Amino acid sequence: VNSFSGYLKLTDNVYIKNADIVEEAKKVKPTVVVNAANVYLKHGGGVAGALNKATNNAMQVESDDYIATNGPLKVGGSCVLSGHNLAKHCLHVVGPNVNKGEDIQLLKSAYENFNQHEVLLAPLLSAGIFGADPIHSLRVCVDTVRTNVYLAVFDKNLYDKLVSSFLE
Ligand SMILES: CC(C)[C@H](Nc1ncnc2[nH]c(-c3cnn(CC(=O)N(C)C)c3)cc12)c1ccc2c(c1)OCCO2
């Protein structure tokens, strides 16, 4: 049903809210929820661990069967699988992990995957323990994504800093 509410409108197609992406998926019932994935789809930590636990491990079981036959994703790449009880589909997107020396330039490629979907509920790619500058990830999102993206950022201090810096 894609019933998003309580978002700040940053541009004509990018919205942001201080919220847990899991609670937003349960309220909104989106067509697509984006996972902040890694190349072997190991759903531990951050967004991935929270989405997988909210599916009672159904996401991990499906992802392990996908990887057994198809192998790992590339950094900047994505994979549509089931959204289970959270969404119709889950778009698993791998942003670069700059704390592990991956190329920050691939963050644009990671957000370009969003353009295949009319509307998405998504996290801020490559933030948290992946190490990218959040203000930079928000600018790449705004400059790259043309479809409707609703960003859920589960940290009030980070949310306030992003909004204040975007509005300068
Ligand atoms: C930057 C941060 C704030 C962001 N995290 C998040 N952004 C949006 N919704 C989120 N939910 C959770 C979460 C975790 N646990 N729970 C359950 C819970 O707290 N319960 C009490 C039941 C919910 C984290 C989260 C982020 C974004 C991208 C990343 C990244 C992290 O980790 C590495 C890859 O990429």
Side-chain angles (χ1 to χ4, degrees), residues 1-38 41-64 66 73 78-95 97 99 107 110-111 113-142 144-145 147-167:
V1 334
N2 294 312
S3 57
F4 295 91
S5 67
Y7 287 77
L8 281 211
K9 179 182 178 63
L10 292 178
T11 70
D12 284 347
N13 67 297
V14 178
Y15 298 86
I16 191 166
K17 184 176 184 181
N18 170 204
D20 175 2
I21 196 172
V22 169
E23 293 299 315
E24 287 296 301
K26 292 179 189 176
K27 288 171 171 82
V28 168
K29 298 173 176 157
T31 301
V32 179
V33 65
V34 174
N35 180 30
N38 52 62
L41 301 181
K42 309 303 195 189
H43 308 309
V47 166
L51 289 174
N52 178 61
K53 284 182 197 65
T55 74
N56 289 254
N57 208 52
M59 177 180 286
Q60 192 65 67
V61 172
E62 183 195 24
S63 294
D64 286 346
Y66 169 79
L73 293 176
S78 68
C79 186
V80 172
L81 290 174
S82 181
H84 304 277
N85 51 299
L86 299 180
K88 182 174 291 99
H89 307 302
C90 179
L91 180 67
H92 296 271
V93 176
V94 181
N97 180 341
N99 282 338
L107 187 53
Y111 276 116
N113 295 290
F114 289 24
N115 287 328
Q116 298 201 138
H117 299 277
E118 286 185 17
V119 56
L120 309 95
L121 169 61
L124 189 67
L125 299 181
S126 292
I129 206 176
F130 278 28
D133 183 327
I135 297 177
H136 175 64
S137 184
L138 182 59
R139 292 181 187 136
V140 178
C141 182
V142 165
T144 306
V145 180
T147 56
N148 298 315
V149 57
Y150 291 84
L151 293 168
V153 176
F154 192 34
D155 184 309
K156 186 186 187 289
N157 285 335
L158 174 56
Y159 169 89
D160 291 339
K161 275 177 204 164
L162 287 169
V163 169
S164 71
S165 53
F166 196 74
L167 298 182

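Both backbone and side-chain heavy atoms feed into the values below; hydrogens, waters and symmetry mates do not. Each residue takes its place number in the sequence, starting with 1.
- Residue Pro123 comes nearest to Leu151 through the heavy atom pair O-CD2, 3.6 Å, listed as atom of the first residue, atom of the second, then distance.
- Among all heavy-atom pairs drawn from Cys141 and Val149, the shortest one is SG-CG1, 4.1 Å.
- In this structure, the side chains of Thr144 and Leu107 stay at 4.5 Å or more apart for every pair of heavy atoms.
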Residue pair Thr31, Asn2: steps toward the side chain to side chain donor-acceptor pair (under 3.5 Å) verdict: CA-CA 7 Å; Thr31 301; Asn2 294 312; 3.0 Å; yes
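- Remark: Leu167 CG is packed, more than 12 non-hydrogen atoms of other residues, nucleotides or ligands lying under 6.0 Å away.
- Within the 4.5 Å cutoff, no side-chain heavy atoms of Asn35 are placed close to those of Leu91.
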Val80/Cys90 under side-chain contact (heavy atoms from CB on, under 4.5 Å): CA gap, chis, key distance, verdict: CA-CA 6 Å; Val80 172; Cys90 179; over 6 Å; no
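- Side-chain atoms of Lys161 and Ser165, non-hydrogen and from C-beta on, never get closer than 4.5 Å to each other.
- Annotation: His117 is not in aromatic contact with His89 [ring centroid separation under 6.0 Å not met].
- A pairwise comparison of heavy atoms in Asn148 and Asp12 identifies OD1-O, 4.3 Å as the closest pair.
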Assess the residue pair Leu124 and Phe154 against the criterion (side-chain contact (heavy atoms from CB on, under 4.5 Å)); give the C-alpha distance rounded to whole Å, side-chain angles, the decisive distance to 0.1 Å, and a yes or no. CA-CA 10 Å; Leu124 189 67; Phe154 192 34; over 6 Å; no
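- Under the side-chain contact (heavy atoms from CB on, under 4.5 Å) rule, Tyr111 has a single partner from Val142, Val140, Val93, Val34, which is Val140.
- Legend: residues meeting side chain to side chain donor-acceptor pair (under 3.5 Å) with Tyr15, ordered by chain and number and at least two apart, are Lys9.
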Please lay out, stage by stage, how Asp155 and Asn18 fare under the test side chain to side chain donor-acceptor pair (under 3.5 Å). CA-CA 6 Å; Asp155 184 309; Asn18 170 204; over 6 Å; no
Could you please spell out the steps behind the side-chain contact (heavy atoms from CB on, under 4.5 Å) verdict for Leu120 and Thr147? CA-CA 8 Å; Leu120 309 95; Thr147 56; 3.7 Å; yes
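- Environment of NZ in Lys17: crowded, with over 12 heavy atoms of neighbouring residues, nucleotides or ligands closer than 6.0 Å.
- At least one side-chain heavy atom of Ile135 sits under 4.5 Å from a side-chain heavy atom of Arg139.
- Residues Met59 and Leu51 form a side-chain contact, since some pair of their non-hydrogen atoms from C-beta on lies under 4.5 Å apart.
- Closest of all the heavy-atom pairs between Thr55 and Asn85 is CA-OD1, 3.3 Å.
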Could you please spell out the steps behind the side-chain contact (heavy atoms from CB on, under 4.5 Å) verdict for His43 and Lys53? CA-CA 9 Å; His43 308 309; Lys53 284 182 197 65; over 6 Å; no
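- Between the side chains of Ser126 and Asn97, no donor N or O sits under 3.5 Å from an acceptor N or O.
- Looking only at distances, a side-chain donor or acceptor of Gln60 sits under 3.5 Å from a matching main-chain atom of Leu41.
- The two residues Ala110 and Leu125 have their closest heavy-atom pair at CB-CD1, 3.9 Å.
- With hydrogens and angles disregarded, a donor-acceptor distance shorter than 3.5 Å links the side chain of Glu62 to the backbone of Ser82.
- With a 4.5 Å cut-off on side-chain heavy atoms, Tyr150 and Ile21 do not count as touching.
- Between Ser63 and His92, the closest side-chain pair of non-hydrogen atoms falls below 4.5 Å.
- Here OH of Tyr159 is found 3.0 Å from CG of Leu8. Values are rounded to the nearest 0.5 Å.
- Side-chain contact between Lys88 and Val32 is absent, with no heavy-atom pair separated by less than 4.5 Å.
- Within a 6.0 Å sphere centred on CD of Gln116, heavy atoms belonging to other residues, nucleotides or ligands number 12 at most.
- When all heavy atoms of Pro30 and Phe4 are compared, the closest pair comes out as CB-CZ, 4.4 Å.
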